[PDB]
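# Summary of structural features
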Amino acid sequence: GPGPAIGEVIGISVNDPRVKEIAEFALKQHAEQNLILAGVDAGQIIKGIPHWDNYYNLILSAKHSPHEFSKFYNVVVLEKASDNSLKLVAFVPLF
């Protein structure tokens, strides 16, 4: 049950070229049940020493039909420089 009244932390903007490429890659990598992501909602990045292998964690909106609701989903993504692309760690539903 969220709802703070002292402090609040925010994620990153979709404007971020890394977050947008890594987010999109997340949806295109996971599709065991064939779902559709309406778009990026929120995001987070975990880093310590960056060698272009940064860890990404974000929440987005996705639905299986245009006549249905969009729910939240939390996916973990890994960025790789050696492969020159993005990677999807895991896909989890937030509803």
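Reading the values: rules and limits
Residues numbered from 1 in each chain as written, not as in the entry; some residues may be left out. Heavy atoms only, no water. Helix = DSSP H or I, 4+ residues; strand = E, 2+ residues; numbered from the N terminus. Buried < 20%, exposed > 50% of the residue type's maximum accessible area, 1.4 Å probe, protein only. Core = buried A, V, L, I, M, F, W, Y, C linked by side-chain atoms within 4.5 Å. Contact = heavy atoms within 4.5 Å. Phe/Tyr/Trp six-rings, centres within 6.5 Å; stacked < 30°, edge-to-face > 60°. Pairing = 2+ DSSP bridges. Axes fitted to C-alpha atoms, helices over the stretch in contact; angles between N-to-C directions. 1 Å grid on protein atoms, 1.4 Å probe; cavity = no way out; pocket = protein on both sides within 12 Å on 5 of 7 lines; lining within 4 Å. Points joined across faces, edges and corners; volume = space filled by probe spheres on them. Nonpolar A, V, L, I, M, F, W, Y, C, P; charged D, E, K, R; others polar.

Per the PDB record, this model was obtained through solution NMR.

Looking at the PDB entry, one finds the protein chain named Aspartic protease inhibitor, with Cucurbita maxima as its source organism.

It is worth spelling out unusual backbone geometry at this point. Within the chain, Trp52 stands out as a residue other than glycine whose phi angle is a positive 75°. Tracing the chain through its elements places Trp52 in the loop between β1 (36-46) and β2 (55-63). Classification of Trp52 as partly exposed rests on a relative accessible area of 44%. A positive phi angle, near 60°, is found at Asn84, a position not held by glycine. With respect to the helices, strands and loops of the structure, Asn84 is situated in the loop between β3 (71-80) and β4 (85-93).

Grouped together as the largest cluster of nonpolar side chains are 17 residues, with contacts concentrated most on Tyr56, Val75 and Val77. Going through the elements one at a time, α1 (17-29), β2, β3 and β4 are the ones with two or more residues in this core. For this core, the element with the highest residue contribution is α1, accounting for five residues. Among all residues touching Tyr56, those that are not within four sequence positions of it are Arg18, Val19, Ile22, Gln44, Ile45, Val75, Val76, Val77 and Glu79.

Here we come to the packing of aromatic side chains. Considering all chains together, one arrives at two aromatic pairs under this definition. Centre to centre, the rings of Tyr73 and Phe91 are 5.6 Å apart; their planes meet at 55°, and the pair counts as tilted. A residue pair is termed long-range when its members are at least 10 positions apart, and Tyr73 in strand β3 and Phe91 in strand β4 qualify at 18 residues. We note that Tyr73, like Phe91, is buried. Summarising the aromatic geometry, the rings of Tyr73 and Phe95 are spaced 5.1 Å apart at their centres and angled 65° between planes, so their arrangement reads as edge-to-face. Taken together, the residues span a long stretch of sequence, with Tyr73 in strand β3 and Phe95 in the segment after β4 at a distance of 22 residues.

Now for the sheet that holds β2. The pairing of strands in a sheet comes from backbone hydrogen bonds and takes either a parallel or an antiparallel form. Overall, antiparallel pairing links the four strands, which are arranged β1-β2-β3-β4 in an open sheet. Edge strands, defined here as strands with exactly one partner in the open sheet, are β1 and β4. In this sheet, neighbouring strand axes are inclined to one another by 30° on average, regardless of whether the strands run parallel or antiparallel. Each of β1, β2, β3 and β4 is contacted by α1, which is oriented at about 60° to β4, the strand it contacts most.

With that settled, the discussion passes to empty space enclosed by the protein. Counted by the stated rule, this structure contains one cavity of 30 Å³ or more. Space inside the largest cavity adds up to approximately 40 Å³. For the lining of the largest cavity, the elements supplying multiple residues, two or more each, are α1 and β3. With three residues, α1 is the largest single contributor of residues to the lining of the largest cavity. Residue composition of the lining of the largest cavity, by class: eight nonpolar, no polar and no charged.

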